[PDB]
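Quick look at my_file29.cif (mmCIF, N, CA and C atoms):
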```cif
data_query
loop_
_atom_site.label_atom_id
_atom_site.label_comp_id
_atom_site.auth_asym_id
_atom_site.auth_seq_id
_atom_site.Cartn_x
_atom_site.Cartn_y
_atom_site.Cartn_z
N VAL A 736 0.01 -0.12 -8.15
CA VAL A 736 0.82 0.82 -7.40
C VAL A 736 0.01 1.34 -6.24
N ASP A 737 0.55 1.25 -5.04
CA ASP A 737 -0.16 1.70 -3.86
C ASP A 737 0.15 3.17 -3.66
N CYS A 738 -0.84 4.01 -3.92
CA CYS A 738 -0.69 5.44 -3.76
C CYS A 738 -0.24 5.80 -2.35
N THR A 739 -0.93 5.27 -1.34
CA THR A 739 -0.63 5.65 0.03
C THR A 739 0.84 5.41 0.35
N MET A 740 1.35 4.24 0.01
CA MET A 740 2.74 3.95 0.33
C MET A 740 3.69 4.67 -0.61
N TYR A 741 3.35 4.73 -1.90
CA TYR A 741 4.23 5.38 -2.86
C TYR A 741 4.43 6.84 -2.50
N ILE A 742 3.34 7.60 -2.43
CA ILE A 742 3.44 9.02 -2.12
C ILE A 742 4.06 9.21 -0.75
N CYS A 743 3.44 8.62 0.26
CA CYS A 743 3.84 8.81 1.64
C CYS A 743 4.56 7.55 2.09
N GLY A 744 5.88 7.62 2.22
CA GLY A 744 6.52 6.41 2.66
C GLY A 744 6.17 6.12 4.10
N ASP A 745 5.38 5.06 4.32
CA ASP A 745 5.16 4.43 5.62
C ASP A 745 5.05 5.41 6.77
N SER A 746 4.44 6.58 6.55
CA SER A 746 4.44 7.62 7.56
C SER A 746 3.07 8.29 7.60
N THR A 747 2.46 8.31 8.78
CA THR A 747 1.10 8.82 8.89
C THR A 747 1.05 10.32 8.68
N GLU A 748 2.11 11.04 9.05
CA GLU A 748 2.15 12.49 8.85
C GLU A 748 1.75 12.84 7.42
N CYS A 749 2.31 12.13 6.46
CA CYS A 749 1.91 12.31 5.07
C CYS A 749 0.60 11.60 4.77
N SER A 750 0.33 10.48 5.45
CA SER A 750 -0.89 9.73 5.17
C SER A 750 -2.13 10.56 5.48
N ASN A 751 -2.08 11.34 6.56
CA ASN A 751 -3.23 12.18 6.90
C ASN A 751 -3.56 13.14 5.76
N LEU A 752 -2.56 13.88 5.30
CA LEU A 752 -2.79 14.86 4.24
C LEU A 752 -3.39 14.21 3.00
N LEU A 753 -2.92 13.01 2.66
CA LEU A 753 -3.42 12.33 1.48
C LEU A 753 -4.93 12.12 1.55
N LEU A 754 -5.47 12.01 2.76
CA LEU A 754 -6.91 11.87 2.91
C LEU A 754 -7.65 13.09 2.39
N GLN A 755 -6.98 14.23 2.34
CA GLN A 755 -7.65 15.45 1.92
C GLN A 755 -7.79 15.55 0.41
N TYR A 756 -7.00 14.81 -0.35
CA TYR A 756 -7.16 14.75 -1.79
C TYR A 756 -8.17 13.70 -2.21
N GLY A 757 -8.79 13.02 -1.26
CA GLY A 757 -9.91 12.15 -1.56
C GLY A 757 -9.56 10.94 -2.39
N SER A 758 -10.24 10.80 -3.52
CA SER A 758 -10.17 9.60 -4.33
C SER A 758 -8.91 9.50 -5.17
N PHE A 759 -8.14 10.58 -5.27
CA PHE A 759 -6.91 10.54 -6.06
C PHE A 759 -6.09 9.31 -5.73
N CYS A 760 -6.01 8.96 -4.45
CA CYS A 760 -5.31 7.75 -4.08
C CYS A 760 -6.01 6.53 -4.67
N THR A 761 -7.30 6.39 -4.40
CA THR A 761 -8.00 5.17 -4.80
C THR A 761 -8.17 5.09 -6.31
N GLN A 762 -8.73 6.13 -6.92
CA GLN A 762 -9.13 6.00 -8.31
C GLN A 762 -7.98 5.62 -9.22
N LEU A 763 -6.74 5.92 -8.81
CA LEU A 763 -5.61 5.41 -9.57
C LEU A 763 -5.60 3.89 -9.58
N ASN A 764 -5.73 3.28 -8.40
CA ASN A 764 -5.85 1.84 -8.35
C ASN A 764 -6.97 1.35 -9.24
N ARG A 765 -8.11 2.03 -9.20
CA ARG A 765 -9.19 1.67 -10.11
C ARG A 765 -8.76 1.78 -11.56
N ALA A 766 -7.97 2.80 -11.89
CA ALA A 766 -7.46 2.92 -13.25
C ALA A 766 -6.50 1.78 -13.55
N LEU A 767 -5.49 1.59 -12.70
CA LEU A 767 -4.51 0.54 -12.94
C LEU A 767 -5.17 -0.83 -12.97
N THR A 768 -5.97 -1.13 -11.96
CA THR A 768 -6.74 -2.37 -12.00
C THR A 768 -7.56 -2.45 -13.28
N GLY A 769 -8.16 -1.34 -13.69
CA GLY A 769 -8.87 -1.33 -14.95
C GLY A 769 -7.99 -1.77 -16.11
N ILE A 770 -6.73 -1.37 -16.09
CA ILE A 770 -5.78 -1.86 -17.09
C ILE A 770 -5.50 -3.33 -16.86
N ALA A 771 -5.01 -3.67 -15.67
CA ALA A 771 -4.50 -5.02 -15.45
C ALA A 771 -5.58 -6.07 -15.60
N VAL A 772 -6.83 -5.73 -15.29
CA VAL A 772 -7.92 -6.67 -15.52
C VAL A 772 -8.00 -7.05 -16.99
N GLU A 773 -8.08 -6.05 -17.87
CA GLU A 773 -8.24 -6.37 -19.27
C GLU A 773 -6.97 -6.90 -19.89
N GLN A 774 -5.81 -6.62 -19.29
CA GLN A 774 -4.57 -7.16 -19.84
C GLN A 774 -4.65 -8.66 -20.01
N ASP A 775 -5.37 -9.34 -19.14
CA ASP A 775 -5.61 -10.75 -19.33
C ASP A 775 -6.76 -11.02 -20.28
N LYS A 776 -7.65 -10.05 -20.49
CA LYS A 776 -8.65 -10.23 -21.53
C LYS A 776 -8.01 -10.21 -22.90
N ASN A 777 -7.00 -9.37 -23.09
CA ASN A 777 -6.23 -9.40 -24.33
C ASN A 777 -5.72 -10.80 -24.60
N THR A 778 -4.83 -11.29 -23.74
CA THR A 778 -4.30 -12.63 -23.89
C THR A 778 -5.41 -13.67 -23.94
N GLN A 779 -6.54 -13.39 -23.30
CA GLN A 779 -7.65 -14.32 -23.34
C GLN A 779 -8.13 -14.52 -24.76
N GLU A 780 -8.52 -13.44 -25.43
CA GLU A 780 -9.14 -13.57 -26.73
C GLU A 780 -8.13 -13.87 -27.82
N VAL A 781 -6.91 -13.37 -27.70
CA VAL A 781 -5.91 -13.65 -28.72
C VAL A 781 -5.58 -15.13 -28.74
N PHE A 782 -5.08 -15.65 -27.62
CA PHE A 782 -4.55 -17.00 -27.63
C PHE A 782 -5.63 -18.05 -27.47
N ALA A 783 -6.58 -17.87 -26.56
CA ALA A 783 -7.59 -18.90 -26.38
C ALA A 783 -8.83 -18.46 -27.13
N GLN A 784 -8.91 -18.89 -28.38
CA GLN A 784 -10.14 -18.98 -29.14
C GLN A 784 -10.57 -20.42 -29.30
N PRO B 295 -10.49 -9.87 7.18
CA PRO B 295 -10.09 -9.53 5.81
C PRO B 295 -11.23 -9.64 4.81
N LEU B 296 -12.30 -10.35 5.17
CA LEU B 296 -13.46 -10.43 4.29
C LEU B 296 -14.32 -9.18 4.40
N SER B 297 -14.47 -8.65 5.62
CA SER B 297 -15.31 -7.49 5.84
C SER B 297 -14.75 -6.22 5.24
N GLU B 298 -13.44 -6.15 5.02
CA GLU B 298 -12.83 -4.91 4.54
C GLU B 298 -13.01 -4.71 3.05
N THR B 299 -13.27 -5.81 2.33
CA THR B 299 -13.52 -5.75 0.87
C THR B 299 -14.94 -5.26 0.61
N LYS B 300 -15.89 -5.67 1.45
CA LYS B 300 -17.31 -5.25 1.27
C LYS B 300 -17.39 -3.74 1.46
N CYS B 301 -16.34 -3.13 2.01
CA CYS B 301 -16.41 -1.70 2.32
C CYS B 301 -15.83 -1.08 1.07
N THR B 302 -15.06 -1.86 0.32
CA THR B 302 -14.52 -1.34 -0.95
C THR B 302 -15.62 -1.32 -2.02
N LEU B 303 -16.43 -2.38 -2.11
CA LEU B 303 -17.54 -2.37 -3.08
C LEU B 303 -18.74 -1.57 -2.56
N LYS B 304 -18.78 -1.18 -1.28
CA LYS B 304 -19.91 -0.45 -0.70
C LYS B 304 -21.18 -1.29 -0.72
N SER B 305 -21.16 -2.50 -1.26
CA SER B 305 -22.35 -3.32 -1.40
C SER B 305 -22.39 -4.44 -0.37
N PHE B 306 -23.60 -4.80 0.06
CA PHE B 306 -23.76 -6.01 0.85
C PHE B 306 -23.79 -7.27 0.01
N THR B 307 -24.01 -7.14 -1.29
CA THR B 307 -23.86 -8.25 -2.21
C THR B 307 -22.46 -8.18 -2.80
N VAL B 308 -21.74 -9.28 -2.74
CA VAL B 308 -20.38 -9.37 -3.25
C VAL B 308 -20.38 -10.40 -4.36
N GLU B 309 -20.16 -9.94 -5.58
CA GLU B 309 -20.24 -10.81 -6.73
C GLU B 309 -19.07 -11.79 -6.75
N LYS B 310 -19.33 -12.96 -7.31
CA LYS B 310 -18.30 -13.98 -7.42
C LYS B 310 -17.08 -13.44 -8.15
N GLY B 311 -15.93 -13.54 -7.51
CA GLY B 311 -14.71 -13.06 -8.11
C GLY B 311 -13.69 -12.70 -7.05
N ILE B 312 -12.60 -12.10 -7.51
CA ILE B 312 -11.50 -11.69 -6.66
C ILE B 312 -11.48 -10.17 -6.59
N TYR B 313 -11.33 -9.65 -5.38
CA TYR B 313 -11.33 -8.22 -5.12
C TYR B 313 -10.09 -7.87 -4.33
N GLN B 314 -9.56 -6.68 -4.55
CA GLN B 314 -8.32 -6.29 -3.90
C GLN B 314 -8.65 -5.40 -2.72
N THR B 315 -8.53 -5.96 -1.53
CA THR B 315 -8.62 -5.29 -0.25
C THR B 315 -7.32 -4.54 0.03
N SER B 316 -7.38 -3.63 1.01
CA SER B 316 -6.25 -2.78 1.34
C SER B 316 -4.99 -3.60 1.57
N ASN B 317 -3.86 -3.01 1.22
CA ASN B 317 -2.57 -3.67 1.28
C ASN B 317 -2.16 -3.92 2.72
N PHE B 318 -1.23 -4.84 2.90
CA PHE B 318 -0.64 -5.07 4.20
C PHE B 318 0.85 -4.82 4.13
N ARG B 319 1.45 -4.54 5.27
CA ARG B 319 2.88 -4.33 5.38
C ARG B 319 3.40 -5.14 6.54
N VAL B 320 4.67 -5.48 6.38
CA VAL B 320 5.33 -6.18 7.49
C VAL B 320 5.85 -5.01 8.28
N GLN B 321 5.91 -5.15 9.59
CA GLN B 321 6.27 -3.99 10.39
C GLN B 321 7.60 -4.26 11.08
N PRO B 322 8.35 -3.25 11.55
CA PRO B 322 9.70 -3.48 12.07
C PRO B 322 9.68 -3.95 13.51
N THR B 323 10.58 -4.88 13.81
CA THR B 323 10.71 -5.38 15.17
C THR B 323 11.43 -4.37 16.07
N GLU B 324 12.53 -3.81 15.59
CA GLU B 324 13.42 -3.04 16.44
C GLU B 324 14.21 -2.06 15.59
N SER B 325 14.85 -1.11 16.27
CA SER B 325 15.79 -0.20 15.65
C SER B 325 17.21 -0.71 15.85
N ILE B 326 18.05 -0.52 14.85
CA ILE B 326 19.45 -0.93 14.92
C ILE B 326 20.30 0.32 14.72
N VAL B 327 20.91 0.84 15.78
CA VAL B 327 21.85 1.98 15.55
C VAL B 327 23.24 1.36 15.42
N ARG B 328 24.01 1.73 14.39
CA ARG B 328 25.39 1.21 14.27
C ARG B 328 26.38 2.33 13.95
N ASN B 334 34.71 7.43 19.22
CA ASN B 334 35.92 7.64 20.01
C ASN B 334 35.71 7.17 21.44
N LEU B 335 36.48 7.77 22.34
CA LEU B 335 36.28 7.70 23.78
C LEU B 335 36.78 9.00 24.38
N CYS B 336 36.10 9.47 25.41
CA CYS B 336 36.53 10.72 26.03
C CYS B 336 37.58 10.43 27.10
N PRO B 337 38.65 11.25 27.20
CA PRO B 337 39.81 10.91 28.03
C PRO B 337 39.60 11.09 29.53
N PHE B 338 38.60 10.40 30.08
CA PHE B 338 38.35 10.48 31.51
C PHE B 338 39.35 9.64 32.28
N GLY B 339 39.95 8.65 31.62
CA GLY B 339 41.09 7.98 32.21
C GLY B 339 42.34 8.84 32.16
N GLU B 340 42.35 9.86 31.30
CA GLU B 340 43.47 10.78 31.22
C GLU B 340 43.25 12.05 32.01
N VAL B 341 42.01 12.33 32.40
CA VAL B 341 41.70 13.51 33.21
C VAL B 341 41.58 13.08 34.66
N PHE B 342 40.80 12.03 34.90
CA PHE B 342 40.45 11.69 36.27
C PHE B 342 41.53 10.86 36.93
N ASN B 343 42.27 10.08 36.16
CA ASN B 343 43.45 9.39 36.66
C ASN B 343 44.73 10.13 36.33
#
```

Can the structure from this file be put into structure tokens for me?
Amino acid sequence: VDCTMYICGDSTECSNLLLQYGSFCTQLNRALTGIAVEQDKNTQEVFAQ
Amino acid sequence: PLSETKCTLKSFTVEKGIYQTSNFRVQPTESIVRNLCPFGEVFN
């Protein structure tokens, strides 16, 4: 999920303010990526032994 | 597009793998906007 686009639809007026909350935008991607990365590790170890 | 990922890892060493660089968007070409005043009834 792209925080920048989700929160602020395609508009810099909102995009500027989002910069003030810092990593809240990014670290979510890190969280979600953290999920989606291992989601294939699940299927990895379950099915391919 | 390669240089923008190294700014995501903050490292000059980039480990073998796939990394997600900033998203891209397609941008709009143009805007599409979609009675009559009785000047034929006033002026004529």

(message) Please report the interatomic distance between atom C of residue 756 in chain A and CA of residue 775 in chain A in Å with one decimal.
(response)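 Distance reported for this atom pair: 30.0 Å.
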
Give me the chain B side of the contact with chain A, cut-off 12 Å, one line per residue showing its nearest atom pair and distance in Å at one decimal, counting only C-alpha atoms, sorted by chain and residue number, as CSV.
```
residue,atom,partner,partner_atom,distance
B:302,CA,A:761,CA,10.0
B:303,CA,A:765,CA,11.6
B:311,CA,A:772,CA,11.9
B:312,CA,A:772,CA,10.8
B:313,CA,A:768,CA,10.1
B:314,CA,A:768,CA,9.1
B:315,CA,A:764,CA,11.1
B:316,CA,A:737,CA,9.2
B:317,CA,A:737,CA,7.8
B:318,CA,A:740,CA,10.4
B:319,CA,A:745,CA,9.1
B:320,CA,A:745,CA,10.8
B:321,CA,A:745,CA,9.7
B:322,CA,A:745,CA,11.2
```

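Across the model, the gap from CA of residue 296 in chain B to CA of residue 308 in chain B is 10.3 Å.
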
(request) Quote the spacing between CA of residue 751 in chain A and CA of residue 300 in chain B in Å to one decimal place. (result)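 Distance reported for this atom pair: 23.1 Å.
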
(request) Can you list, as a ChimeraX atom specification, all residues belonging to chain A that DSSP tags as alpha helix (DSSP H)? (result) /A:738-742,747-753,759-782
